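[1] what shape does this take:
(5 chains, ligands or ions: 15)
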Amino acid sequence: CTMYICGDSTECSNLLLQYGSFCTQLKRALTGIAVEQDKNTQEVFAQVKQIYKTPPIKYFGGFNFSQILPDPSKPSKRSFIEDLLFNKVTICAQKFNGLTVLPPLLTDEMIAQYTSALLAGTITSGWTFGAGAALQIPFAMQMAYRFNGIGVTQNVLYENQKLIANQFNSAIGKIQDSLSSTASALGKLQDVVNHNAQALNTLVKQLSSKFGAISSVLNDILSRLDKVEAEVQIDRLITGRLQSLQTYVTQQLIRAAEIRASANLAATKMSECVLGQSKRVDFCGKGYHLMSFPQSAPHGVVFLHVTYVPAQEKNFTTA
Amino acid sequence: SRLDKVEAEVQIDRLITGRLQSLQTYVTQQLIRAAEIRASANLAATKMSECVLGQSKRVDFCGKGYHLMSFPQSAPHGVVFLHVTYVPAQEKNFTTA
Amino acid sequence: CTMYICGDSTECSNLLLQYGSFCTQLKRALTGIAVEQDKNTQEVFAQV
Amino acid sequence: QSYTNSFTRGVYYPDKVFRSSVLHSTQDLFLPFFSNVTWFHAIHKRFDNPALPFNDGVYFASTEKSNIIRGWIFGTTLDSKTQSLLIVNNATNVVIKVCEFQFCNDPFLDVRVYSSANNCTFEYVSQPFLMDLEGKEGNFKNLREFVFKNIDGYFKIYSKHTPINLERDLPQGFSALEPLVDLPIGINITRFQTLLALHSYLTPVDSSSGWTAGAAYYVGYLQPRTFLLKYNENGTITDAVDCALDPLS
Amino acid sequence: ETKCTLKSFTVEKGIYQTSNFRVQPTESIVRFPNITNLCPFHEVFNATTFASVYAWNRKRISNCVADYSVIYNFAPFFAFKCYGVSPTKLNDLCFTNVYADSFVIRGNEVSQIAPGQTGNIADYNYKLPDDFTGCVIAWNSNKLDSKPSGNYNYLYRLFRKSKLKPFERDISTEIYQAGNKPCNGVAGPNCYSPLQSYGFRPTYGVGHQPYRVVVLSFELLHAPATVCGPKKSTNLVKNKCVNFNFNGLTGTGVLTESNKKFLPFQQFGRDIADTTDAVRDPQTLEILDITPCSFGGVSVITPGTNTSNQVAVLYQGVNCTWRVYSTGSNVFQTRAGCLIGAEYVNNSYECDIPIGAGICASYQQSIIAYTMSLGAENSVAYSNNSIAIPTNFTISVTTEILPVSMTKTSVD
Ligand SMILES: *[C@@H]1O[C@H](CO)[C@@H](O)[C@H](O)[C@H]1NC(C)=O
Ligand SMILES: *[C@@H]1O[C@H](CO)[C@@H](O)[C@H](O)[C@H]1NC(C)=O
Ligand SMILES: *[C@@H]1O[C@H](CO)[C@@H](O)[C@H](O)[C@H]1NC(C)=O
Ligand SMILES: *[C@@H]1O[C@H](CO)[C@@H](O)[C@H](O)[C@H]1NC(C)=O
Ligand SMILES: *[C@@H]1O[C@H](CO)[C@@H](O)[C@H](O)[C@H]1NC(C)=O
Ligand SMILES: *[C@@H]1O[C@H](CO)[C@@H](O)[C@H](O)[C@H]1NC(C)=O
Ligand SMILES: *[C@@H]1O[C@H](CO)[C@@H](O)[C@H](O)[C@H]1NC(C)=O
Ligand SMILES: *[C@@H]1O[C@H](CO)[C@@H](O)[C@H](O)[C@H]1NC(C)=O
Ligand SMILES: *[C@@H]1O[C@H](CO)[C@@H](O)[C@H](O)[C@H]1NC(C)=O
Ligand SMILES: *[C@@H]1O[C@H](CO)[C@@H](O)[C@H](O)[C@H]1NC(C)=O
Ligand SMILES: *[C@@H]1O[C@H](CO)[C@@H](O)[C@H](O)[C@H]1NC(C)=O
Ligand SMILES: *[C@@H]1O[C@H](CO)[C@@H](O)[C@H](O)[C@H]1NC(C)=O
Ligand SMILES: *[C@@H]1O[C@H](CO)[C@@H](O)[C@H](O)[C@H]1NC(C)=O
Ligand SMILES: *[C@@H]1O[C@H](CO)[C@@H](O)[C@H](O)[C@H]1NC(C)=O
Ligand SMILES: *[C@@H]1O[C@H](CO)[C@@H](O)[C@H](O)[C@H]1NC(C)=O
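    Numbering: from 1, shown residues only, chains lettered A, B, ... in the order given. Ligands and ions are numbered 1, 2, ... in the order given. You can find the structure just below:
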């Protein structure tokens, strides 16, 4: 309240009491955003609470999941992609005028453990770990049960399961370079980071404003003007400074609504892209969707959709 | 009853601005909430139209576990769904091929 | 910003500068919606 | 006289604050980028008296070994009717005299400046602006940059002695011109000139007829424009961009 | 305190917010430049008969150190109106340049020195800045300037043709050219010369006495300091939350040794926030970094009032490992901030009241804080030829509550 609007001056805080009840609504709104942004990550990631662990021998068929499974080599238990995503995405001046940043409840150590849990379940128990008790199922056999969901018979996979392993692994190897080729892919997350940063920056600068007063600073105006004429200059300073805070909180309100709209989409997409095998078109990738693998990221999530698209067509006569 | 015309206006005018600004803030905050309350109400309508009138193959949308059906129930300013689902319970393992 | 608040008067524009950085965030707000409204039609229609 | 273009000159410290690796936008008198800097006769034999108007500041640059250029005159009329300003860079101490002198059409402190009108309201003694002289190096060694701004009765001058060895007019680069002294008087300036220094060495023989109206100093003007600049971590101005140039700028 | 914020006598559970930490400053240090020379204000105050309003005596006071006692040497102060700066606090603040102007006028013209008004002085004769950051000082001197024979030697340019700009000299011949004919200065009629004799005798009305009016003009918010009242230059301190006064501008914060560079003529440290954070010693060449004392944010952790009364307090962003006045049972150093009144543990439990950075508290007969328990660690026996097929079901029924509408409202 006063720390932003004024300084260590009781007279300015006294004149703010004339407005009276503008704080209680302002602080309540921002707290509601923070308490719901904190809850917002809960349903996106904590979809299953059993923290599954990958088997000691990572033989999930001929498939190579090292690019997505967490590696114990790093101090922070994260996958090859997540470590790449951490580095690919990147203050005090705000923190003397009244602004703070509350840390999130879920750190990245537990968030990566949440993804490792889902990943272990989506590989060892396939899509069962979302309906009830997890039931192990060979990954070679799991695939034949994902092909059947797209009207492709069992044996199609089995007579060329060696080619399937050689090809999915090749695609997963390329996704590291393709994501690391350019930073335009991560523009969806860097957008939300700097936009909040510039929203705070444009709020700190607003204090140095000649809002119809002799000077923007508060201490000097006390030493300059007497009581019968200092208020007419400081009151218009309070009105403008309150307006800037009022404008900022409203812009956060629209952004908070928009962010949770995407977060609900991620939660819904997290709830069926990986927990199951959607028959919806384009929802879980491009083409006939087979499965997906979640990957954590700063202030977001990344899905590695695995699909089935035909490539070589020969046209025949029908009846 | 206190101030004369030439000097009462300078006081009521800033009272006018503050009372108008409070009304503007209340209406603006209602717009965000009304948009938000419709966002869930559209989800409720979609959930009502698919969980109740049919059996959705999508997982985790119509409850927890393999969904069977739903029964809607009214509530003050809302709706309550009773998702009847099928979940497995007893798991003997076997060797497969 | 100025064209709308004031006409071709320099003194009015000098007054606006006392607020300083109020119109800046207004132009950026309208650019964001405009650039996103042209992106809506892309993802609804340019699917094939 | 001759016309020459100044590339990125006339950039100075606008205030007395320090910033580290930031970008700051300011609006005040500034020499526009790529402007018409008046380069005068590039010889010295030569003794001219060009009527130079003063308006909205003056950018002055002129490299010269042995510091032949020493004096400086400011004012509006310069006939002991209104206030005037004078600088003497006596090359061990600078003297500033804001007074009401009389001055001839062709002033010269050596082989006759005022001869009358010697009373006023200013005396000043400080370290001379120019460094040291008697440098007979074959190639150019140092370049001098000066900017004057008479506003709010707060006459300000900025200086910058820089080492250049390229021997071709103005160097192509940004210069961090730095303020050095502020003189609050409150005067009316519209015209200015300068003074040279040279000894015939004897009154009887060839006293003074060897000179023609051809005496080389760059003169540039200043315009009120926005010149958002850039700082480094030490705080010295690195590069500045004009906001009234081509739309890329 | 939490009950007062919530406006209730029962608090359910969870985090709550109160006023910030606000570490109070210890004392105030006021460092002044070093100049001790006495400034001669008596010259502009009680010299001989000053000039009339047609030609003021402007002075430039600089480089000196001056106070407000010598101005208070004069008792008969009449026009003590002070603008911009309150008279009681003309001390301990440093200007950048003070301009002193003097003139002598009559009683009915004293009120004309105010800005934004039209009068005899405020007409074409004299113009003053309508912002007028300075002040006006005047006192009666009818015993000195007035003469029994009549001081007709003072003039005033009332009838000059064109208007005047503030702070502009008007001293010239001022030939009169008015009417619908060129008078040329000799014609005779329409001359009404502006200059006229005041008439100063010790027998006149109260509103027609000579005065010594000295007006002072200056500005502020300038890096160099020129003249200010003396203040003992107390030795500075480091790492102590202290108020400071460095030639004018004040503030609260700790002072740290030099880590930046500055320039020989550079003495300020404005940042992107446009707030002063690095200043030089006014006495010697010391660069001091100004970081204001660490703000807080106090958060109260409580179980149900219907369940217990013990509470825990959280300071977000404040290190303790530290300047927290008095401590409690225990102190913790969560990445969220400083937590007191709660005992850390080694187990893991499901979160019930959020704290931040993977930590939440709970009520065991005491308040305990712990890390997160994501769930029971399960290892699934995955084999090349092993499958688990269910043999029995469990038809469960779960609720899901979704809002649909809110109460409609109208206004007028
Ligand atoms: C999986 O891929 C990684 C990276 O290409 C490789 O180092 C590893 O050996 C592969 N695993 C197997 C079993 O070949
Ligand atoms: C398709 O097959 C027919 C024979 O059935 C052949 O004649 C034709 O060239 C093929 N390609 C196209 C584009 O029709
Ligand atoms: C599965 O059943 C086998 C017998 O076929 C038994 O050896 C084993 O203990 C059971 N459980 C697991 C986890 O394999
Ligand atoms: C400089 O003056 C010359 C002579 O009139 C003119 O041709 C040229 O365009 C001018 N350049 C600039 C940058 O003003
Ligand atoms: C030049 O400087 C020297 C040393 O400061 C001084 O003695 C001498 O008088 C100066 N000459 C003039 C003309 O000021
Ligand atoms: C100085 O010269 C001015 C202008 O001629 C004159 O008015 C003034 O009286 C002179 N001062 C002295 C001390 O001679
Ligand atoms: C400066 O001198 C010029 C030329 O005489 C004149 O037009 C102008 O009004 C003067 N300005 C001031 C402030 O005296
Ligand atoms: C000055 O700045 C340059 C360029 O950033 C840097 O290389 C140099 O080390 C700096 N000098 C200092 C910090 O003294
Ligand atoms: C002016 O005041 C000083 C202060 O004591 C005094 O000594 C001096 O005599 C006074 N001069 C006149 C002319 O009154
Ligand atoms: C102030 O100046 C005097 C010069 O007489 C010098 O001795 C003293 O050290 C200066 N003050 C400080 C704090 O250095
Ligand atoms: C408080 O606790 C008492 C005893 O358990 C119970 O009777 C009462 O209803 C409770 N009130 C609330 C508001 O929880
Ligand atoms: C508090 O300071 C100590 C000592 O420097 C440090 O070890 C600890 O990490 C700090 N706490 C935080 C939250 O930064
Ligand atoms: C658990 O107890 C050990 C034994 O003192 C201690 O070293 C360790 O820090 C404790 N762990 C936590 C999380 O407090
Ligand atoms: C499955 O076979 C692979 C070799 O193809 C072997 O490395 C792995 O340990 C086997 N897994 C089990 C659980 O027997
Ligand atoms: C399945 O579980 C139910 C209890 O939920 C039990 O009554 C029933 O006997 C079980 N069926 C079998 C075949 O064991």
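
[2] from residue E:241, how far off is the nearest residue to residue A:305 once chain neighbours are set aside?
    Excluding its sequence neighbours, the residue lying closest to residue A:305 (CB to CB, 6 or more residues apart in numbering or on different chains) is residue A:285, at 3.1 Å. Any C-beta I mention is one placed from the backbone N, CA and C, and that applies to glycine too. Using CB to CB, to the nearest Å, residue A:285 is found at 58 Å from residue E:241.

[3] now do residue A:271
    Noted for residue A:271: a distance of 51 Å to residue E:241, by CB to CB.

[4] and residue A:58, how many neighbours?
    Using other CB atoms under 10 Å in any protein chain shown, the number of residues around residue A:58 comes to 13.

[5] residues in contact with residue D:134?
    Counting by CB atoms under 8 Å, 6 or more residues apart in numbering or on different chains, residue D:134 touches D:65, D:66.

[6] surely residue D:198 touches residue D:110?
    Yes - Residue D:198 is within contact range of residue D:110, at 5.9 Å (criterion: CB atoms under 8 Å).

[7] who are the contact partners of whichever residue of the stretch 101-250 of chain A sits closest to ligand 12?
    Nearest to ligand 12 in the stretch 101-250 of chain A, going by CB to the nearest ligand atom, is residue A:103, at a distance of 9.6 Å. Each residue near residue A:103 by CB under 8 Å, 6+ apart is listed here: E:335, E:336, E:356, E:357.

[8] now distance to ligand 10, secondary structure and neighbour count too, for the residues you listed, in a markdown table please.
    A markdown table is the format used below for the contacts of residue A:103 (distance: CB to the nearest ligand atom, whole Å; DSSP: H, G, I helix; E, B strand; the rest coil; neighbours: other CB atoms under 10 Å in any protein chain shown):
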| residue | distance to ligand 10 | secondary structure | neighbour count |
| --- | --- | --- | --- |
| E:335 | 44 | coil | 10 |
| E:336 | 45 | coil | 22 |
| E:356 | 48 | coil | 22 |
| E:357 | 47 | coil | 16 |
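
[9] show me which of those residues neighbour chain B.
    Contacts with chain B are made by none of the contacts of residue A:103, judged by CB under 8 Å from any CB of the partner chain.

[10] and the residues you listed, which two are furthest apart?
    Taking CB to CB, the two most distant members of these are E:335 and E:356; they sit 7.4 Å apart.

[11] partner strands of the helix or strand residue E:397 falls within and their direction?
    Assigned by DSSP states H and E, residue E:397 belongs to strand E:386-398. In the sheet, strand E:386-398 lines up against strand B:78-95 (antiparallel) (DSSP bridges).

[12] tell me the contacts of the single nearest residue of chain D relative to ligand 8?
    Taking CB to the nearest ligand atom, ligand 8 has its nearest neighbour within chain D at residue D:234, 3.7 Å off. For residue D:234, the contacting residues are D:20, E:261, by CB under 8 Å, 6+ apart.

[13] that one and chain A: what is the separation?
    20 Å (CB to the nearest CB, to the nearest Å).

[14] how about residue E:5?
    In terms of CB to the nearest CB, residue E:5 sits 9 Å off from chain A.

[15] need the contact list for residue D:162.
    Residue D:162 makes contacts with D:142, D:143, D:145, D:171, D:175, as judged by CB under 8 Å, 6+ apart.

[16] closest to chain E among the residues you listed?
    Nearest to chain E among the contacts of residue D:162, counting by CB to the nearest CB, is residue D:175 at 14.7 Å.

[17] how about the secondary structure of that closest one?
    Residue D:175 falls in the coil class when you classify it by DSSP: H, G, I helix; E, B strand; the rest coil.

[18] look at the residue nearest to residue A:89 when sequence neighbours are not counted and say how many residues are nearby.
    For residue A:89, ignoring the flanking residues on the chain, the nearest one in space by CB to CB, 6+ apart is residue A:298 at 4.7 Å. Residue A:298 is flanked by 17 other residues according to other CB under 10 Å.
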